[PDB]
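Undergrad: this one's structure only:
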């Protein structure tokens, strides 16, 4: 059959007759707005040749129609390549339709079904769309009048046609009247089962009367449903491109037209933007937004923005991507515009279209246009046309001569082509520069115009310039070298400074004055900022890891970090307090000092530290090493080493002395190297046949009694065990001393 | 004698001969730079008539002179009204002088003496300046060759003249050869003692050949040394004023010339500032600084500032104080100038001097001058001359017509006198305004020029205007009422809003567009800020005074302060902890709640509170009363009442029970209403012939034993006293319970 | 509130678009 | 430092005046 594009048939049924020879519609078919059609107009109107619709089918306001079983008897597959609001089948407001009648449709590859507001429409609840569409949750079929196989009730569409159901083994390939599955590449149905050439539709692609899963080279996929040779795509190109074996109408993003395959071309994609009759005036942000991404322009550009606000950033973002101009360039009546520097990629002007009077560049009524381009690094090329310069006081003959030399149009301009203003032709130099950590002194040679009265002072412009890719009034000097001093500069910062003189535009030839060159001056360094966030962790018994963040203000190139540490002595009150009573809630935690220089590092490790010993780590940053290091103030952090697990164990033989009156004197050797200090000693003694009894020996008690002295002890065999209580926790009980009294 | 002004004699000695008839110099006398004079020129050169010098005497580079005993024999008083660097006598670099010789000087009323670098000068250490000057600490007499009364060494000046010393009783009035004191009004000396008419000089003032302490009316003091009539001062005025009976050359600050006494005239003092040949051009801040305080100008003003920076504040501060202009006014080539509004007091232009061509007001080359004056409240008067308006695009015919109508020069201007620009002649209105606490919606009727393409959008200007004494781009509407919304407005703030349309200046008659009127819109109020700094003090036992500061953000008119209070319960652990052991360090410190509304007040008083009871005072501010008060979040402060001084005293009869085995059971009644709670009870018991013994009863002990139970008590007579220890401190001991066992 | 009204007027006079021309809207586009 | 030098040059070329014409200066004013 013949392949045809999509139609939008309305008003009259004559345009429908073009479907008589179409078997596949490469597009969408819409049928709408017939208020005169009657059922007598549709009795023998049929299009059995049509089978598959690529995009979608739409029916709207169709009067006189009652069923599609005659109009579209053999319509089988709706690919749904392009969807009408995610619908491949739209049946809206059918006043006279009584049934769908489409007894050959079996699969809708993409899209949903919307059947709404169709009065008199029946045989809808008997349609099983689940076997047609992979997902039917999006189907919107509401507000209607609503032998054959039965699915979860019988499925039917007409009084004579049942709903065909193929076996699950056949999948979506279809089945014949006998139920045998079609070919794996068959879609819809098959005149002969298991035959790719006999498929009424192709599941993946159609080529040479056959159904294939892909288009072999050199054939490329077309409309995601067929395969076409390169010749057809090329013919379509001349009133289409090739990319990934697809004859897509246009290349994707990031690709350029390589004379017929798309080729990557980085960001800037060479494209020919065709202007309406080759003429367009830019006056607003939205006007320039239409030129987004353009690189080659097939027309002339006229620039006239009647604004008043600095919109240079937006213009540079939108424009500046064009490299060649076919036509002429005109600039006129630009008030807010100050320069043409935002024309980033503007290099060549072909000038095929010229302004009247043989002009390629036109300039008029420029009230603020002082500079054209950075001719030191920007190059401009002009092919044809003459330059125009008139009524532009802000632009003087120096810039005009520079641009004429750059373009190469020296012997191309005649008379009258070229006719408060910063046009300092003369040059100034700086005589003496002195720098401080925050103060800068500048000195330049004095300048005197022929009429010294025209001089009205100087303008100094300063700004912080980290990169070299680039408002103070100074009184006129009295009638040697004028100078200035500034103090508001951050240390270790680069500032761009240029001085502009102030001259009076007299009635005669005004002395244009002298401009000083831009210079970059770096402020002197000083003491850096404090390194905050100091964390010191005892990752081991005697190992301390210290981490910190670099200071907020480097104030120069940081050379190193100066670290000090000092043993932190515990409170003396702990050596005199008694804890044997109730309330045993134990709180658990110039001179030269050992110093470290952390160089090219952000962490430090400290070893050889006593267990459970506090330390006051002091941190400073220094941006200087040999000459009297400039270091910030001290940053203090407390670090405590983890105590030993054995320092709390009592060692030494426990000695006991028995008096005549059953008085026991207990001598024990304390762990002379404890976990900081021992608050008290815990003793648990128990006679045979009795219960354990607890006792506490304080530091004062241990010092005065050299241990313990129990009095009034009953006869029997005792057991003596002593536990040393330190800050790290309870220690280990002594060996059981057994004595009989 | 005759009175003469000051002289500055130099080069030649001829000009000295004018001193022959001068007895009093009303000024200073300087004698300098004679390189030809010789001692033979001064042998009989004398001026005995001269007596007193008002300001000072100066001698410099006087060659040939050796002594002043002949030149100035009778010079007696140096008043020092005007001092040469605080010196009334300067004797600098006398090469040939050998002695001062001024044997008649006796008092220097004001100033010091400087005698430096005078070689060959002797008889200096013998001069006593203390009797001459009140203070001689400022005398600078360095680097020189250096019968008679003796003062702390004899005082002399020449080989024949002694230093006259008057008795202390004579003070500075002088004394004759007999030592008798002169008259009380005499100064210097007196031919006849005690005679005001015979004084060689007047201490206070001189009048009619007599010395007086003040000038009686109508005579006024002149030069602080004499008295003159009003006729003399008036004659001096016509090539002087009267103020406080003083013929001062000029009136003091804050006074005006009342046609001949100075009269107060508030700040603006009417003064005639005479311009050099009646012409002056203002182009700089220092140029305008010369016109500070001027009110009436006798000349013409030309204004042309070739600057580029907004210096309107400085110009308004300096200028704007002038009310009348005798000459013409010209404005030309003003770039940075935007308006003439800073001419605060400029009302009348006399126009006596006119620009060539019969022009009083000239205007030319005004590149930014958009407005002249606020003609709604500012009035301008032009007497003569014609207006000029040319090459001023920023000023249009509307302002010109307004100023012509205001001045009253309608029928005074001929042809050619009057010839990107904000000149919106048409008016706009706002259609709908909606306000929120931080958001404002504006709506105005659409505007369409005859050429809608010329419209390029709208400009909205907003600023916070607390007083009515007074930058957003809006896209053009599509081809009903355009509107805008803003959200960055503080609550309860007034903002001034006016919308300006954007139109294109076409080649033909440009449509000037329409401007919208300024409006003031106040943002809606909201919940105010938190009232910080809450201080609550128990000024009494049950009185709490609460003070706070108003919230930082009122967010409306604050209606009242909402205050809540709640009893703060103490920690329960204090009711279970035992404190009888060592370590007696005592730490000393929906629902409806009682609320208060502080209205028109910043402090609150709370009564009826239990002693030593904590309270959590909650404070909020509300700018609303009836309709669902908008109150800020709670601010919490802790207040503790001062405890009672008697609640810690134990009351009730102390009971004791004696057992058979000398066991004592003590029952006491605790102060059921204590200062918060009682931590423990302190008991001190002492038998006769023994020492006091201490005991503690804890809360647990008191609860379990219902008091105390002492065991093992020796026979004798005991004394029982119990003290209750509360948070407020130690209580009062119980009555001494005496029992014999 | 003010946000919804501002959005409504923005779509009414500036045509940024609170409504997107939908399945329904295309039909009265044809009428 | 830089402040004293800046003041010196200010009085040297702009004549704001670090020195005030003194007792001495008036004499060489006459010479």
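TA: Ah, there it is. Numbering: from 1, shown residues only, chains lettered A, B, ... in the order given.
Undergrad: Which secondary structure state does the residue nearest to the spatial centre of chain C sit in?
TA: Residue closest to the average C-alpha location in chain C (CA atoms, centre = their mean): residue C:19, at 3.5 Å. Assigned with DSSP: H, G, I helix; E, B strand; the rest coil, residue C:19 falls in the coil class.
Undergrad: Roughly how far does it sit from residue C:30?
TA: Separation of residue C:19 from residue C:30 (CB to CB, to the nearest Å): 17 Å. In short, each C-beta sits where N, CA and C put it, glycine included.
Undergrad: State the number of residues packed around residue A:697.
TA: By the other CB atoms under 10 Å in any protein chain shown criterion, the neighbourhood of residue A:697 contains 23 residues.
Undergrad: Quick one: neighbours of whichever residue of the stretch 101-250 of chain A sits closest to chain D, just the number.
TA: Relative to chain D, the nearest point of the stretch 101-250 of chain A is residue A:250 (65.3 Å; CB to the nearest CB). The number of residues packed near residue A:250 is 12, by other CB under 10 Å.
Undergrad: got it, and residue A:711?
TA: With other CB under 10 Å as criterion, residue A:711 counts 10.
Undergrad: does it really touch residue A:666, like I thought?
TA: No: counting by CB atoms under 8 Å, residue A:711 sits too far from residue A:666 to count as a contact (11.7 Å).
Undergrad: Contacts only, for the closest residue to residue A:82 other than its chain neighbours.
TA: Spatial nearest neighbour of residue A:82, chain neighbours left out: residue A:55 (3.9 Å); criterion: CB to CB, 6 or more residues apart in numbering or on different chains. For residue A:55, the contact set (CB atoms under 8 Å, 6 or more residues apart in numbering or on different chains) comprises A:6, A:25, A:27-28, A:79-84, A:88.
Undergrad: Assumed residue A:55 was part of a helix.
TA: No: applying three-state DSSP, one finds residue A:55 to be coil, outside a helix.
Undergrad: For it, give its distance to residue B:271.
TA: Applying CB to CB to residue A:55 and residue B:271 gives a distance of 92 Å.
Undergrad: Could you count how many residues lie near the closest residue to residue A:564 other than its chain neighbours?
TA: Nearest in space to residue A:564, with sequence neighbours left out and distances taken as CB to CB, 6+ apart, is residue A:618 at 4.1 Å. Look at residue A:618: counted by other CB under 10 Å, it has 18 neighbours.
Undergrad: Pull the contacting residues for residue A:618.
TA: Applying CB under 8 Å, 6+ apart to residue A:618 gives the contacts A:563-566, A:634-636.
Undergrad: Repeat that for residue C:16.
TA: Contacts for residue C:16 were tallied using CB under 8 Å, 6+ apart; they are residue C:10.
Undergrad: so residue A:201 touches residue A:188, yeah?
TA: Yes: between residue A:201 and residue A:188 there is a contact under CB under 8 Å: 3.8 Å.
Undergrad: Return every residue with contacts to both of those two.
TA: A:51-52, A:76-77.
Undergrad: of these, closest to chain B?
TA: Of all the shared contacts of residue A:201 and residue A:188, chain B sits closest to residue A:52, with 42.1 Å by CB to the nearest CB.
Undergrad: what's near enough to touch the closest one?
TA: A:23-25, A:75-79, A:188, A:201, A:225.
Undergrad: tell me the contacts of residue A:453?
TA: With CB under 8 Å, 6+ apart, residue A:453 has these contacts: residue A:504.
Undergrad: just to revisit the earlier point, could you point out which element follows the one helix or strand the residue nearest to residue A:564 maps to?
TA: Taking DSSP states H and E as the definition, one finds residue A:618 inside strand A:614-622. Using DSSP H and E, the helix or strand that follows strand A:614-622 in sequence is strand A:635-640.
Undergrad: List the strands paired with that following strand, with their directions.
TA: If you go by DSSP bridges, strand A:635-640 pairs up with strand A:614-622 (antiparallel).
Undergrad: residues near the residue nearest to residue A:193 when sequence neighbours are not counted, how many?
TA: Closest residue to residue A:193 apart from its sequence neighbours, by CB to CB, 6+ apart: residue A:180 at 4.2 Å. Counted with other CB under 10 Å, residues neighbouring residue A:180 total 15.
Undergrad: burial of the residue nearest to residue A:418 when sequence neighbours are not counted, as a residue count?
TA: Computed as CB to CB, 6+ apart, the closest residue to residue A:418 that is not its neighbour in sequence is residue A:389, at 4.1 Å. Other residues within reach of residue A:389, judged by other CB under 10 Å, total 21.
Undergrad: what about stretch A:166-173, distance to the chain center?
TA: Distance, stretch centre to chain centre, for stretch A:166-173: 47 Å (CA atoms, centre = their mean, to the nearest Å).
Undergrad: Look through chain C and tell me its longest helix.
TA: Longest helix of chain C, by residue count under DSSP state H: helix C:3-9.
Undergrad: hmm, that helix touching chain B?
TA: Yes: judged by CB under 8 Å from any CB of the partner chain, helix C:3-9 comes into contact with chain B at C:3, C:5-6, C:9.
Undergrad: Off-centre distance for that helix?
TA: Chain-centre distance of helix C:3-9: 11 Å, with CA atoms, centre = their mean.
Undergrad: what's the next secondary structure element after it?
TA: helix C:25-29.
Undergrad: how about that next one, does it reach chain A?
TA: Yes: on the criterion CB under 8 Å from any CB, helix C:25-29 is in touch with chain A at residue C:27.
Undergrad: For that helix, buried residues please.
TA: Residues of helix C:25-29 classed as buried: none (neighbour count, 16 or more other CB atoms under 10 Å in any protein chain shown).
Undergrad: before we move on, what about stretch A:640-656?
TA: For stretch A:640-656, the neighbour count (16+ other CB under 10 Å) marks A:640-644, A:647-650, A:654, A:656 as buried.
Undergrad: Same check on stretch A:492-510?
TA: A:492-493, A:495-505, A:510.
Undergrad: ok, and which of those reach chain B?
TA: With CB under 8 Å from any CB as the criterion, the buried residues of stretch A:492-510 include A:502, A:504-505 near chain B.
Undergrad: picking that back up, which residues does the residue nearest to residue A:418 contact?
TA: A:363, A:395, A:400, A:417-419.
Undergrad: Now do the same contact list for residue 5.
TA: You didn't say which chain, so I picked chain A. A:25-27 are the contacts of residue A:5 under CB under 8 Å, 6+ apart.
Undergrad: Chain C was what I was after
TA: B:434, B:441.
Undergrad: so how far is stretch A:543-554 off the chain centroid?
TA: Remark: stretch A:543-554 is offset 31 Å from the chain centroid, using CA atoms, centre = their mean.
Undergrad: whoops, I mixed them up, stretch A:373-383
TA: That offset, for stretch A:373-383, works out to 34 Å (CA atoms, centre = their mean).
Undergrad: and the residue of the stretch 501-650 of chain A at minimum distance from chain B, backbone torsions?
TA: Per CB to the nearest CB, residue A:581 is where the stretch 501-650 of chain A lies closest to chain B, at 4.2 Å. Main-chain dihedrals, residue A:581, degrees, to the nearest 10: phi -80, psi -180.
Undergrad: Quick check: buried residues in stretch A:452-466?
TA: A:454-460, A:462, A:465.
Undergrad: Go over the secondary structure and confirm residue A:400 is in a helix.
TA: Yes: judged by three-state DSSP, residue A:400 forms part of a helix.
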